[PDB]
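The form deposited in one PDB entry is given below as one chain in structure tokens.
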């Protein structure tokens, strides 16, 4: 369970937009097609699981085949219109983003969103199904690895391991639990920080913004605020 805050609601919507922009690439692509659809399937299974308490395996598959077979000459506006029709026919309208304005915030929101999910999924885990969670975590690493502005892509390629590293810390903690050592949640960075991925993605996010001034060799603007853990836990109303 994750509090339903205004920021979280934007996160939920950005996720849908991200997913839309992802499946739109299927036409443009092999190995990549397999990787893309595999990622789009997970993203959409989880969206349906959240909206319908069911992954809707058949409807989601129908969505992916369509996107994979959509006209590669079709532009984004047309792909959207057809996407709105297809999801409608499939009774997957709740998987449609409310907004289609795609920006860096869409990607950031998506990355923070996944972090919140990882935290919650891990915390509300069921010792009976630790294997399930770990499989979910493996998929999460893949989602983060493939998030890759040519400049941004190069930088991300170089430091995305910071995030993936922490997901592995989680895998380790979980593997210890399945073998006798329950986890001990603490709220500071077999112990694990609660809201770990939320803190790591916030930190990663600030770092990326700190570094860009170095890439651009141009000093920060006047009103250049920085996100603090204390203020972030508030916007998402995180539990300590």
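Numbering follows the first chain given and starts at 1. Take the two forms, find the largest set of C-alpha atoms that superpose within 1.5 Å, and that set is the rigid core.
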Q. None, 1 to 3, 4 to 9, or 10 or more: how many residues of the deposited sequence lack coordinates between residue 38 and residue 39?
A. none
**Q.** residue 148 to residue 149: deposited residues without atomic coordinates
**A.** 4 to 9
**Q.** Segment of higher mean CA temperature factor, 12-20 or 214-222
**A.** 214-222
Q. Between 129-137 and 86-94, which has the higher average C-alpha B-factor in the PDB entry?
A. 129-137
Q. With respect to the C-alpha temperature factors reported in the PDB entry, which of 60, 173, 186, 197 ranks highest?
A. 186
Q: Looking at the entry's B-factor column for C-alpha atoms only, identify whether residue 201 ranks in the lowest, middle or highest third of its chain.
A: lowest
Q) Considering only modelled residues of the same chain, in which third does the CA B-factor of residue 52 rank: lowest, middle or highest? A) highest
Q) C-alpha B factor of residue 109, ranked within the chain: lowest, middle or highest third? A) lowest
Q: Could you say whether, by C-alpha temperature factor, residue 159 belongs to the lowest, middle or highest third of its chain?
A: lowest
Q. Among the chain's modelled residues, which third holds the C-alpha B-factor of residue 75?
A. highest
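Form deposited in another entry: not shown, discussed below.
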Q | Rigid core superposition between the shown form and the other one: residue from 142, 76, 159, 169 with Cα shift of 2 Å or more | A | 76
Q) Using the core for the fit, does the CA position of residue 91 change by 2 Å or more between the shown form and the other one? A) yes
Q.
Is residue 56 displaced by at least 2 Å at its C-alpha between the shown form and the other one when the rigid core is overlaid?
A. yes
Q | Rigid core superposition, residue 221 Cα moves 2 angstroms or more between the shown form and the other one | A | yes
